[PDB]
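The structure under discussion appears below in the form of structure tokens.
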Amino acid sequence: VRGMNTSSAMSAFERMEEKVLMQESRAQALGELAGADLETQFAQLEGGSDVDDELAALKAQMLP
Amino acid sequence: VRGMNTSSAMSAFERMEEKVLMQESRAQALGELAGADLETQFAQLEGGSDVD
Amino acid sequence: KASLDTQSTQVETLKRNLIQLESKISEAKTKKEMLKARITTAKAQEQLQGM
Amino acid sequence: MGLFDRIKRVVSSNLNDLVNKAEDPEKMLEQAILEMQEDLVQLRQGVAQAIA
Amino acid sequence: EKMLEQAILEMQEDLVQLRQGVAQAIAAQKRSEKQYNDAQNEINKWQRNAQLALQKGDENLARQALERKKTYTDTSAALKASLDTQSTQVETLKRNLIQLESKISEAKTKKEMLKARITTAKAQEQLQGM
Amino acid sequence: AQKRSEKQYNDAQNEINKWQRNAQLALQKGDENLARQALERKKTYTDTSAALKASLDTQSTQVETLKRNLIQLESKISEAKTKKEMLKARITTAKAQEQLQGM
């Protein structure tokens, strides 16, 4: 209950936490860098820009 | 996505670019020199003069 | 439920990342054909230019 | 205080190598669940004797 | 950061030793209390015997009981004095453990701050190489 | 490291909120001693949180400099490439001059 150093439950939680924390932190940092880059930033805008013109075109296409 | 040094896609693009850039630059420079020479310059005029 | 929500968000992000990767590989295939054509022209031109 | 200085350097190098191999999430998780269940049974037996 | 890592492992084992030491002090206080409790119980029993002796009319038995009670009281007084001295020492030990708990958390925070400056220094070195 | 401190800080805040609820529950219960103990725990938690916050601020300044250095380095590598072209041309010119001397 106290949680001895040698206890299996206490040791397992600490080991699991260290592995989980490192993996999560590394992935997020790498992901942020990709997001930070300018190429990713206007690509989303381009996609957003592309769909609206297509939608207008689509309406014209579906009109007849 | 980030483009690691060891990644195959990043390495391939860099290697391809270096080979392509060198070949293109060398050919253009050599071509310019041939164009620069006087013999080539009036030859075109001669052809133009000859056809009319 | 709390664990599921956090996990689901991560999964969604991974799916989005895969789509971006798919766009990139397709572009690379097109590039190889273009690169080869450029290389061939340069090689032929260089030999001709020297002569 | 040479011993103390020596101990700190020796301990740090030794600890780092050991922890990396030791820190695997899948291996650690499997061992922990089995151990706690076994411990509970032992505890119950002791409790049963007291109850008896 | 390596020094900090070495220190973190070292501090944890030390805390366990301190807890064992604290338990012994706690046990000692309990042991004295048990002895003190036994003495009080014995004294109460002795008082009843003395009261019984008075009813019996045997003066000598009562006198002997009183002497025993006095000796018991002296022992109890000594035990009480020991407990008070022990308690002050015990409180300090308990306080130290509480202080240590605050300190280990602070050390973890310190490690993050220490790591960042060192990383920055390394980054500066890279610029010099360029 | 900044994220780790933030996670710890977040956990402390969550723990403090939970502790506050327990203290509120204790007041309803009428047990004064339990509430007092909770307050002491909260104070200790607050001190830890304060230490974490202080560490984060110091870390952030260091982190910003590191980020700034990377940005500066990116500008610098591009400049170096430009420098190489300029450096190459003068060296080539010097070599050409040497050839003239030989003639």
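Following the order of the structure tokens, first chain is A, next is B, and so on, with residues numbered from 1 inside each chain and ligands from 1 in the order they appear.
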message: List the spatial neighbours of region 104-120 of chain E as a list in words - criterion: any atom at most 7 Å away, only C-alpha atoms, same-chain residues fewer than 5 positions off excluded.
response: residues 1 and 4 of chain E; 1, 5, 48, 51, 52, 55, 58, 59, 62, 63, 65 and 66 of chain F
Please save N, CA, C and O atoms of the selected residues as a PDB file, in the first residue's frame.
ATOM      1  N   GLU E   1      23.870  17.243 -16.941  1.00  0.00           N
ATOM      2  CA  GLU E   1      22.670  16.480 -16.625  1.00  0.00           C
ATOM      3  C   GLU E   1      23.019  15.119 -16.032  1.00  0.00           C
ATOM      4  O   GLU E   1      22.253  14.557 -15.247  1.00  0.00           O
ATOM      5  N   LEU E   4      23.219  15.223 -12.282  1.00  0.00           N
ATOM      6  CA  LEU E   4      21.878  15.274 -11.718  1.00  0.00           C
ATOM      7  C   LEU E   4      21.261  13.880 -11.724  1.00  0.00           C
ATOM      8  O   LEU E   4      20.621  13.472 -10.754  1.00  0.00           O
TER       9      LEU E   4
ATOM     10  N   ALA F   1      11.447  19.120 -21.739  1.00  0.00           N
ATOM     11  CA  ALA F   1      11.563  19.513 -20.341  1.00  0.00           C
ATOM     12  C   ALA F   1      10.466  20.503 -19.971  1.00  0.00           C
ATOM     13  O   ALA F   1       9.868  20.403 -18.901  1.00  0.00           O
ATOM     14  N   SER F   5       7.483  19.779 -17.247  1.00  0.00           N
ATOM     15  CA  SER F   5       7.179  20.657 -16.124  1.00  0.00           C
ATOM     16  C   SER F   5       5.713  21.073 -16.180  1.00  0.00           C
ATOM     17  O   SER F   5       5.033  21.126 -15.155  1.00  0.00           O
ATOM     18  N   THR F  48       5.298  23.645  -4.567  1.00  0.00           N
ATOM     19  CA  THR F  48       5.882  22.841  -5.630  1.00  0.00           C
ATOM     20  C   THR F  48       5.530  23.444  -6.984  1.00  0.00           C
ATOM     21  O   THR F  48       6.366  23.516  -7.883  1.00  0.00           O
ATOM     22  N   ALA F  51       7.559  26.526  -7.616  1.00  0.00           N
ATOM     23  CA  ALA F  51       8.918  26.171  -7.994  1.00  0.00           C
ATOM     24  C   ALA F  51       8.957  25.754  -9.459  1.00  0.00           C
ATOM     25  O   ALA F  51       9.869  26.123 -10.197  1.00  0.00           O
ATOM     26  N   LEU F  52       7.956  24.983  -9.872  1.00  0.00           N
ATOM     27  CA  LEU F  52       7.865  24.522 -11.250  1.00  0.00           C
ATOM     28  C   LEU F  52       7.686  25.701 -12.196  1.00  0.00           C
ATOM     29  O   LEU F  52       8.293  25.750 -13.267  1.00  0.00           O
ATOM     30  N   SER F  55      10.916  27.549 -12.586  1.00  0.00           N
ATOM     31  CA  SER F  55      11.815  26.774 -13.429  1.00  0.00           C
ATOM     32  C   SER F  55      11.448  26.935 -14.897  1.00  0.00           C
ATOM     33  O   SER F  55      12.321  27.059 -15.757  1.00  0.00           O
ATOM     34  N   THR F  58      12.616  30.319 -16.367  1.00  0.00           N
ATOM     35  CA  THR F  58      14.050  30.309 -16.623  1.00  0.00           C
ATOM     36  C   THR F  58      14.346  29.471 -17.862  1.00  0.00           C
ATOM     37  O   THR F  58      15.165  29.842 -18.702  1.00  0.00           O
ATOM     38  N   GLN F  59      13.663  28.334 -17.957  1.00  0.00           N
ATOM     39  CA  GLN F  59      13.822  27.419 -19.082  1.00  0.00           C
ATOM     40  C   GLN F  59      13.372  28.050 -20.393  1.00  0.00           C
ATOM     41  O   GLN F  59      13.999  27.858 -21.435  1.00  0.00           O
ATOM     42  N   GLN F  62      15.945  30.358 -21.957  1.00  0.00           N
ATOM     43  CA  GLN F  62      17.000  29.549 -22.553  1.00  0.00           C
ATOM     44  C   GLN F  62      16.507  28.914 -23.848  1.00  0.00           C
ATOM     45  O   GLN F  62      17.228  28.863 -24.845  1.00  0.00           O
ATOM     46  N   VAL F  63      15.268  28.432 -23.820  1.00  0.00           N
ATOM     47  CA  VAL F  63      14.657  27.791 -24.977  1.00  0.00           C
ATOM     48  C   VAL F  63      14.508  28.765 -26.141  1.00  0.00           C
ATOM     49  O   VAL F  63      14.742  28.407 -27.296  1.00  0.00           O
ATOM     50  N   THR F  65      16.328  31.377 -26.790  1.00  0.00           N
ATOM     51  CA  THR F  65      17.645  31.640 -27.353  1.00  0.00           C
ATOM     52  C   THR F  65      18.048  30.506 -28.287  1.00  0.00           C
ATOM     53  O   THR F  65      18.603  30.743 -29.361  1.00  0.00           O
ATOM     54  N   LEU F  66      17.768  29.274 -27.873  1.00  0.00           N
ATOM     55  CA  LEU F  66      18.100  28.111 -28.684  1.00  0.00           C
ATOM     56  C   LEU F  66      17.319  28.152 -29.991  1.00  0.00           C
ATOM     57  O   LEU F  66      17.862  27.865 -31.058  1.00  0.00           O
TER      58      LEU F  66
END
Write out as a compact mmCIF listing (two decimals) with N, CA, C and O atoms, in the first residue's frame which residues come within 12 Å of region 27-41 of chain C when counting only C-alpha atoms, dropping same-chain ones fewer than 4 positions away.
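Dumped everything to around-v8.txt:
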# COMPACT_ATOMS: atom_id res chain seq x y z
N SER B 8 15.31 8.15 -47.35
CA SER B 8 15.58 7.87 -48.76
C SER B 8 15.10 8.96 -49.71
O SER B 8 15.81 9.31 -50.66
N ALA B 9 13.91 9.50 -49.46
CA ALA B 9 13.36 10.53 -50.34
C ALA B 9 14.20 11.80 -50.35
O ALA B 9 14.46 12.37 -51.41
N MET B 10 14.63 12.25 -49.17
CA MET B 10 15.44 13.46 -49.08
C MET B 10 16.80 13.29 -49.75
O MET B 10 17.26 14.18 -50.47
N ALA B 12 17.63 11.12 -52.13
CA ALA B 12 17.46 10.94 -53.57
C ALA B 12 17.29 12.27 -54.29
O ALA B 12 17.87 12.49 -55.35
N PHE B 13 16.50 13.17 -53.71
CA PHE B 13 16.27 14.47 -54.32
C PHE B 13 17.56 15.29 -54.41
O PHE B 13 17.84 15.91 -55.43
N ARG B 15 20.73 14.17 -54.38
CA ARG B 15 21.66 13.54 -55.30
C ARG B 15 21.27 13.81 -56.75
O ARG B 15 22.11 14.11 -57.59
N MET B 16 19.97 13.69 -57.03
CA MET B 16 19.46 13.92 -58.37
C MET B 16 19.66 15.37 -58.80
O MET B 16 20.03 15.65 -59.94
N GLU B 17 19.42 16.29 -57.87
CA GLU B 17 19.57 17.71 -58.14
C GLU B 17 21.00 18.10 -58.48
O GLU B 17 21.23 18.88 -59.41
N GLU B 18 21.96 17.55 -57.75
CA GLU B 18 23.36 17.88 -57.99
C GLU B 18 23.81 17.42 -59.37
O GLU B 18 24.49 18.17 -60.09
N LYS B 19 23.45 16.20 -59.74
CA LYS B 19 23.82 15.67 -61.05
C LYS B 19 23.16 16.45 -62.17
O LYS B 19 23.79 16.79 -63.18
N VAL B 20 21.87 16.75 -62.00
CA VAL B 20 21.11 17.48 -63.00
C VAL B 20 21.61 18.91 -63.18
O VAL B 20 21.72 19.40 -64.31
N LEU B 21 21.90 19.58 -62.07
CA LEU B 21 22.37 20.96 -62.13
C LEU B 21 23.72 21.09 -62.83
O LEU B 21 23.91 22.00 -63.65
N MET B 22 24.64 20.19 -62.52
CA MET B 22 25.96 20.23 -63.13
C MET B 22 25.91 19.98 -64.63
O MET B 22 26.58 20.68 -65.40
N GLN B 23 25.13 19.00 -65.04
CA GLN B 23 25.01 18.67 -66.46
C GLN B 23 24.38 19.81 -67.25
O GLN B 23 24.85 20.15 -68.34
N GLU B 24 23.32 20.39 -66.71
CA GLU B 24 22.62 21.48 -67.38
C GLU B 24 23.50 22.72 -67.50
O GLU B 24 23.54 23.36 -68.56
N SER B 25 24.21 23.05 -66.43
CA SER B 25 25.07 24.23 -66.42
C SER B 25 26.24 24.10 -67.40
O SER B 25 26.57 25.04 -68.11
N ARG B 26 26.86 22.92 -67.43
CA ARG B 26 27.99 22.68 -68.31
C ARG B 26 27.61 22.77 -69.78
O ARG B 26 28.33 23.35 -70.59
N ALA B 27 26.47 22.17 -70.13
CA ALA B 27 26.01 22.18 -71.52
C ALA B 27 25.69 23.59 -72.00
O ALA B 27 26.04 23.97 -73.12
N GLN B 28 25.03 24.37 -71.15
CA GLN B 28 24.66 25.73 -71.50
C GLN B 28 25.88 26.62 -71.71
O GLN B 28 25.92 27.41 -72.65
N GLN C 20 -0.82 13.07 -46.37
CA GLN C 20 0.21 13.99 -46.83
C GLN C 20 1.37 13.22 -47.46
O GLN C 20 1.92 13.62 -48.48
N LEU C 21 1.73 12.11 -46.83
CA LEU C 21 2.81 11.26 -47.31
C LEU C 21 2.47 10.68 -48.68
O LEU C 21 3.32 10.58 -49.56
N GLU C 22 1.21 10.29 -48.85
CA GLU C 22 0.73 9.72 -50.11
C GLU C 22 0.87 10.72 -51.24
O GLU C 22 1.20 10.36 -52.37
N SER C 23 0.57 11.99 -50.97
CA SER C 23 0.69 13.02 -51.98
C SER C 23 2.15 13.17 -52.40
O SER C 23 2.45 13.32 -53.59
N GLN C 45 23.81 16.97 -75.40
CA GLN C 45 24.24 18.33 -75.72
C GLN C 45 25.72 18.55 -75.44
O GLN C 45 26.42 19.19 -76.22
N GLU C 46 26.20 18.01 -74.32
CA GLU C 46 27.59 18.19 -73.93
C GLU C 46 28.55 17.57 -74.95
O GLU C 46 29.56 18.18 -75.30
N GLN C 47 28.24 16.37 -75.42
CA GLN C 47 29.09 15.71 -76.40
C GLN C 47 29.10 16.51 -77.70
O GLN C 47 30.15 16.71 -78.31
N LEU C 48 27.92 16.96 -78.11
CA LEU C 48 27.77 17.75 -79.32
C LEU C 48 28.48 19.10 -79.23
O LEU C 48 29.12 19.55 -80.18
N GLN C 49 28.37 19.73 -78.06
CA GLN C 49 28.97 21.04 -77.84
C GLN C 49 30.49 20.99 -77.93
O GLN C 49 31.11 21.90 -78.50
- request: Could you please determine the separation between CA of residue 50 (chain E) and CA of residue 81 (chain E) in Å, to one decimal place?
  value: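 Pair CA of residue 50 (chain E) / CA of residue 81 (chain E) returns 27.2 Å.
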task: Could you find all residues in chain B that DSSP calls helix (DSSP H, G or I) from the backbone, and write them as an NGL selection string?
output: :B and (8-36 or 38-51)
query: Leaving out region 21-35 of chain D and any residue of its chain fewer than 5 positions from it, which residues lie within 9 Å of it when counting only C-alpha atoms, given as a list in words?
result: residues 8, 9, 10, 11, 12, 13, 15, 16, 17, 18, 19 and 20 of chain A; 40 of chain D
- request: With a cut-off of 12 Å and counting only C-alpha atoms, select all residues of chain A in contact with chain B and give the selection as a PyMOL selection string.
  value: chain A and resi 27+29-40
What would the file look like if the residues just selected were written as a CSV table (one decimal), in the first residue's frame with C-alpha atoms?
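File written: part24.csv
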chain,number,residue,atom,x,y,z
A,27,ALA,CA,6.4,12.9,-31.4
A,29,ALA,CA,7.9,18.2,-30.8
A,30,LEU,CA,8.6,16.7,-34.3
A,31,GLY,CA,5.0,17.3,-35.3
A,32,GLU,CA,5.2,20.9,-34.2
A,33,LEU,CA,8.3,21.4,-36.3
A,34,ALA,CA,6.5,20.1,-39.4
A,35,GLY,CA,3.6,22.3,-38.7
A,36,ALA,CA,5.9,25.3,-38.2
A,37,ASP,CA,7.4,25.0,-41.7
A,38,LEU,CA,5.9,27.4,-44.3
A,39,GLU,CA,5.3,24.7,-46.9
A,40,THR,CA,2.7,23.0,-44.7
List every residue of chain C that has an atom at most 12 Å from any atom of chain A, giving for each one its closest atom pair and the distance in Å to one decimal, counting only C-alpha atoms, sorted by chain and then by ascending residue number, as a Markdown table.
| residue | atom | partner | partner_atom | distance |
| --- | --- | --- | --- | --- |
| C:6 | CA | A:24 | CA | 11.6 |
| C:7 | CA | A:24 | CA | 11.3 |
| C:10 | CA | A:28 | CA | 10.0 |
| C:13 | CA | A:31 | CA | 9.7 |
| C:14 | CA | A:31 | CA | 10.3 |
| C:16 | CA | A:44 | CA | 11.8 |
| C:17 | CA | A:31 | CA | 9.6 |
| C:20 | CA | A:40 | CA | 9.6 |
| C:23 | CA | A:43 | CA | 11.7 |
message: When you look at region 33-37 of chain F with a cut-off of 9 Å (counting only C-alpha atoms), what residues show up, excluding the ones that are within fewer than 4 positions of it in the same chain? I need them as a list in words.
response: residues 22, 23, 24, 25, 26, 27, 41 and 42 of chain F
Determine, using only C-alpha atoms, which residues of chain E have any atom at most 9 Å from an atom of chain D, and tabulate each with its shortest atom pair and distance in Å to one decimal place, rows ordered by chain and then rising number, as a Markdown table.
| residue | atom | partner | partner_atom | distance |
| --- | --- | --- | --- | --- |
| E:2 | CA | D:12 | CA | 6.6 |
| E:3 | CA | D:12 | CA | 7.2 |
| E:5 | CA | D:12 | CA | 6.9 |
| E:6 | CA | D:12 | CA | 4.7 |
| E:7 | CA | D:8 | CA | 8.0 |
| E:9 | CA | D:15 | CA | 8.4 |
At most 12 Å to chain E: residues in chain A, only C-alpha atoms, as a compact mmCIF listing (two decimals) with C-alpha atoms, in the first residue's frame:
# COMPACT_ATOMS: atom_id res chain seq x y z
CA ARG A 2 2.85 2.36 0.91
CA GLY A 3 4.64 1.44 -2.30
CA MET A 4 8.08 -0.02 -1.67
CA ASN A 5 10.87 0.42 -4.22
CA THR A 6 11.04 -3.34 -4.78
